[PDB]
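As structure tokens, the structure follows; a few thoughts come after it.
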Amino acid sequence: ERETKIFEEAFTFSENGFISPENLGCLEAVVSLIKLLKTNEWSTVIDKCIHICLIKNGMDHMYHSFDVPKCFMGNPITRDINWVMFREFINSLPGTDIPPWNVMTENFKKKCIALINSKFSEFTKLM
């Protein structure tokens, strides 16, 4: 209860709340982004914590119905990952300042941007 209330107010990313369809849309890309790259310790901590939070609020089925959204594919069957738009999503992610999730959120964002470099706002209003 205590640490989940802290983590829900740490990943609000919107105005309505942690249960709104816009926040559930923007968490989907992060959970999808995680499952989609190299298994990091910070990435799997963020994944398990979002999973615990969606179990608590009664949205576990909506967690297990996650995939990449339609605003990151080029074709439905041809699984293509629009990395430039995804980098714009991660770069425009309003990560909060409250400890201890600000440091972890910032390091998560840095290693995701760094790993997509090593391979080579409007988003939440859309989804």
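Simple scheme: letters A, B, ... for chains in structure tokens order, numbers from 1 for residues in each chain, numbers from 1 for ligands in the order shown.
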Which segment 33-102 of chain A residues have any atom within 8 Å of an atom of segment 110-126 of chain A, and for each, what is the nearest pair of atoms with distance in Å to one decimal, counting only C-alpha atoms, rows sorted by chain and number, as CSV?
residue,atom,partner,partner_atom,distance
A:83,CA,A:116,CA,7.8
A:87,CA,A:113,CA,6.9
A:89,CA,A:123,CA,6.7
A:90,CA,A:113,CA,7.8
A:92,CA,A:121,CA,6.3
A:93,CA,A:121,CA,7.5
Per residue of segment 59-117 of chain A within 10 Å of segment 31-50 of chain A, what are the shortest atom pair and its distance in Å to one decimal, counting only C-alpha atoms, with rows by chain and residue number, as a tab-separated table?
residue	atom	partner	partner_atom	distance
A:63	CA	A:31	CA	8.7
A:66	CA	A:32	CA	6.9
A:67	CA	A:32	CA	5.8
A:68	CA	A:32	CA	5.6
A:69	CA	A:32	CA	8.7
A:86	CA	A:33	CA	8.8
A:90	CA	A:33	CA	9.6
A:101	CA	A:46	CA	9.4
A:104	CA	A:42	CA	6.8
A:105	CA	A:46	CA	8.3
A:107	CA	A:42	CA	7.8
A:108	CA	A:42	CA	6.2
A:109	CA	A:43	CA	9.5
A:111	CA	A:40	CA	9.0
A:112	CA	A:37	CA	8.4
A:115	CA	A:37	CA	8.5
A:116	CA	A:37	CA	9.1
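Here atom CA of residue 58 of chain A is placed at a distance of 26.9 Å from atom CA of residue 97 of chain A.
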Write out as a PDB file with N, CA, C and O atoms, in the first residue's frame each polymer residue whose atoms come within 8 Å of residue 7 of chain A, counting only C-alpha atoms; drop sequence neighbours fewer than 2 positions from it.
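Done, and the output landed in selection13.pdb:
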ATOM      1  N   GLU A   3       4.339   1.796  -0.547  1.00  0.00           N
ATOM      2  CA  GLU A   3       5.243   1.972  -1.669  1.00  0.00           C
ATOM      3  C   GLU A   3       4.522   1.994  -3.008  1.00  0.00           C
ATOM      4  O   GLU A   3       5.013   2.623  -3.949  1.00  0.00           O
ATOM      5  N   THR A   4       3.332   1.401  -3.102  1.00  0.00           N
ATOM      6  CA  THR A   4       2.565   1.471  -4.329  1.00  0.00           C
ATOM      7  C   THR A   4       1.907   2.831  -4.493  1.00  0.00           C
ATOM      8  O   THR A   4       1.828   3.328  -5.615  1.00  0.00           O
ATOM      9  N   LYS A   5       1.456   3.461  -3.398  1.00  0.00           N
ATOM     10  CA  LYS A   5       0.974   4.839  -3.500  1.00  0.00           C
ATOM     11  C   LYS A   5       2.092   5.781  -3.925  1.00  0.00           C
ATOM     12  O   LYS A   5       1.874   6.680  -4.753  1.00  0.00           O
ATOM     13  N   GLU A   9       2.029   7.792  -7.552  1.00  0.00           N
ATOM     14  CA  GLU A   9       2.247   9.223  -7.717  1.00  0.00           C
ATOM     15  C   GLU A   9       3.581   9.533  -8.380  1.00  0.00           C
ATOM     16  O   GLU A   9       3.818  10.690  -8.735  1.00  0.00           O
ATOM     17  N   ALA A  10       4.457   8.540  -8.553  1.00  0.00           N
ATOM     18  CA  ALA A  10       5.711   8.782  -9.257  1.00  0.00           C
ATOM     19  C   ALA A  10       5.549   8.659 -10.767  1.00  0.00           C
ATOM     20  O   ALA A  10       6.240   9.350 -11.522  1.00  0.00           O
ATOM     21  N   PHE A  11       4.649   7.789 -11.230  1.00  0.00           N
ATOM     22  CA  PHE A  11       4.416   7.626 -12.662  1.00  0.00           C
ATOM     23  C   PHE A  11       3.014   8.060 -13.062  1.00  0.00           C
ATOM     24  O   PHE A  11       2.312   7.320 -13.759  1.00  0.00           O
ATOM     25  N   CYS A  49       7.292  -3.194 -11.040  1.00  0.00           N
ATOM     26  CA  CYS A  49       6.527  -2.255 -10.226  1.00  0.00           C
ATOM     27  C   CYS A  49       5.257  -1.800 -10.935  1.00  0.00           C
ATOM     28  O   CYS A  49       4.203  -1.678 -10.297  1.00  0.00           O
ATOM     29  N   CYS A  53       1.455  -2.499  -9.575  1.00  0.00           N
ATOM     30  CA  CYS A  53       0.461  -1.432  -9.516  1.00  0.00           C
ATOM     31  C   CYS A  53      -0.778  -1.755 -10.335  1.00  0.00           C
ATOM     32  O   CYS A  53      -1.894  -1.470  -9.894  1.00  0.00           O
ATOM     33  N   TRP A 101      12.334   7.538  -7.083  1.00  0.00           N
ATOM     34  CA  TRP A 101      12.021   7.132  -8.442  1.00  0.00           C
ATOM     35  C   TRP A 101      12.505   8.125  -9.485  1.00  0.00           C
ATOM     36  O   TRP A 101      12.483   7.802 -10.676  1.00  0.00           O
TER      37      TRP A 101
END
Run DSSP on the backbone and grab whatever in segment 3-124 of chain A lands in helix (DSSP H, G or I); send it over as number ranges by chain. A: 3-10, 21-34, 41-56, 60-64, 83-91, 101-119, 122-124
